Structures are given as C-alpha cells and as structure tokens.
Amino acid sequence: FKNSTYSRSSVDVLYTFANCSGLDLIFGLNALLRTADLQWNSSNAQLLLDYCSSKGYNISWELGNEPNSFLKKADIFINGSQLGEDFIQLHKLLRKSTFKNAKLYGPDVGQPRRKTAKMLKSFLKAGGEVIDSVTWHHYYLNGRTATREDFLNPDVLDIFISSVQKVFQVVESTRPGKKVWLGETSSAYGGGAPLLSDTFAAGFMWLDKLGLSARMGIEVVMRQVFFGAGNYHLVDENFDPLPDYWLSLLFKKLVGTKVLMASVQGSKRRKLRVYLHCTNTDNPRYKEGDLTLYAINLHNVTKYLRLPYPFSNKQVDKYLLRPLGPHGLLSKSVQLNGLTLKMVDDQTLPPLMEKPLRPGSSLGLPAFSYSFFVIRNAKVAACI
C-alpha cells in the first residue's frame, strides 16, 4: 500500500455528495504520519482542518483505520496508549477550530480477537474521554473462501453475538455508558464474496446483523460499502441498487429507534430469527404505538408465526422480500410482495407497497426469506 495525495477538489466532491444527499460526513485522518518518536504528526491534518473550516464544512472525524494491523500494513507498531494520546492531540486541534463541537469517533479496530481487545482497552483507558463513540469493525467471512452455504448458516450468524459481548466487556471496564458503533461492517472482507455479497443471499447476514446490533445496544451500523469496486456494494457499477439497498430502504421506512424483543417458543430458535422495534412514526401510514416485527427464515419450508396476546387479531401489513428468478438466492433482483423493486427513473424511488393480511391469520414466511410485519393499532405505550 503506497501513499497517495488528494485535492481540495476531492474534499469538495465528497462533501457536496454527503451534503446534497442528507448524510453526515465522517472523515478518517491518516494516523501513520508520525514524528521521530512515533507520536502522531498532525500538521497535514491541521491543513485539511483549516481548509474545511474556511469552506464552512460541518464534518465529524476519525483517526486511523484498523490500527491493530499497522505492523502488517506498514511495518509500524502503535499500541493503544499512544493511539489514545494521538486522539487527545486531535481533540485539541478540533477544540481550537471553527466547529469546536465537531464529533470525534474511534478507534476503528477489527473484531475483538485477544490482540485487538488489548489494543482497544488501552486505547480507551488513555483516549476514551475525547471520543464521542467507540467504533469497531465486523466481518462474518473471508470474501476469498466464503461459500453460499456460509451465507445461509445460522452457526455463522451466531458468531456475531460473541464479538458484540467481547466489545461490550472492554467498554464497560474502561468507559461505562460510552456509545458503541460498528464503524465498518459487511458479509465478507477482501471486498466481499463474488456472486454472494451482491445477491439476495447477502440479506440474511445484513438483516440479522441489524436486528442483533439493535437488540444488543449498538447505536449505529456502518455498511461497507454504499458504492465501490467491492461485491458488498449496496449499489452496483451502473448505479443500480442490489437486493441489500432495497432491504436497507425497507428497514429505514418501517423500523423505529425504540428497540423491543421477540423470541420463538421452543429449543429450536436458531433458523427462525425474530426482532421487534416500535414502528418508524415518520412512516405516514402508521401511528404511535404500532410495532414493526422482522423475521428471517433459514428453514427450507414456510413457517407460520402466531402473534401473542394482545396482538393476535390486529391488522398486519406484510413486506416480504423474495428473489426475482431465475437465479434464486443468487439473484441480483428482488420482489416486494411479488412486485419487482426498480427505480421509477434516475430521480424516483418506487412506492414500497404493503400487503394487508386478514386479521387473525398467522404470518406466513417462506423458506430462505425475510419479511417485515407492521402490527397496526398495537397501542404499545412504550412506543407512544
């Protein structure tokens, strides 16, 4: 990996993309610019900070990506304590800038294996006070070796739980109460798994990641990537949306910020995976108190879900996703309730149409699928 420069022009393109799309830009600063005694040399960043403040750019900051593999990536080792010190230096430069309330996030470590756990714990002892969120990264598989079976395997989904618990163990012991973010996450590292990371099959891992992240106290999940060379892109090379874009848009329209819990009665509770939030109230069709249930069926037959008292006879909208043939779970096209999802034109996302179910009917979820169910007039006080 060689150095590369970038222009004010690039900073401007990036920023207006973010700005004009209604997204909050987070910019990662080079943490491998060091002084003689392996402190962070901050003068380049000091320049970029100046340029950005001049232009009126509202921007949040990170410093470094996967510091845990700097030795492999650059034959430089930086330990957590130093990196924490490097983050206090950056916080200072930000306090003495024009957005002095600019947010700082870090340290964007890989999944918590023993070496990475040690790095993150010493980073938080030292620099914990100045970060607004702890960022770490998760990947289920190696993009080079991942198989279609791995993408469908609940033993693979389940590993994420352990990773989350290890991160929360480090954080509760150094900075109790600090927000925890996934700062870079995907099905598979090495740019994703060809013919898998870009397909309907990718949606099992993505929806499960979101469900478990919310349930276990992760506040923000950052998807590698919105767009890029990587098979894990939400949007392909021709700016066409892949099944995960649509999953993401559906989730965004239906799922609220208030996290609840759902679970299956029984000992087999591995292949049928269920999540429960308050319905997104900004959804014009729904009202305060409504529930959003979402469910993943990795069984090879339809399952029929029965809502408990007092929700057993409520009106339910289904939003079931299913691949458009002929390539089944390897398809790059998806249908919502039997209707193919396609942009109306370059400027126009289609409607996302519910299928009202007969009140009192069980929730049919076919083999290898995922669906949202909105429980209308649930009147859940914790939501209102």
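Here, rigid core means the biggest group of C-alpha atoms that superpose within 1.5 Å across both forms. Throughout, we count residues from 1 along the sequence that is shown.
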Name the stretch that deviates more in 5 other deposited structures of this protein: 192-200, or 269-277? Use RMS CA distance to the shown form, core superposed. 269-277
Which of 110-118 and 141-149 lies farther, on average, from the shown form in 5 other deposited structures of this protein once the rigid core is superposed (C-alpha RMS)? 110-118
Higher-B stretch (mean Cα B-factor, as the entry records it), 47-55 or 313-321: 47-55
Mean CA B-factor: is it higher for 206-214 or for 103-111? 103-111
Per the PDB entry, maximal CA B factor within 95, 233, 303, 273: 95
How does the C-alpha B factor of residue 87 compare with the rest of the chain: lowest, middle or highest third? highest
Chain thirds by Cα B factor, record data; residue 336 belongs to the lowest
State the tercile, meaning the lowest, middle or highest third, of residue 76 with respect to the CA B-factors recorded for its chain. highest
Cα B factor band for residue 195 (lowest, middle or highest third within the chain): middle
In terms of its chain's C-alpha B-factors, the third that includes residue 130 is the highest
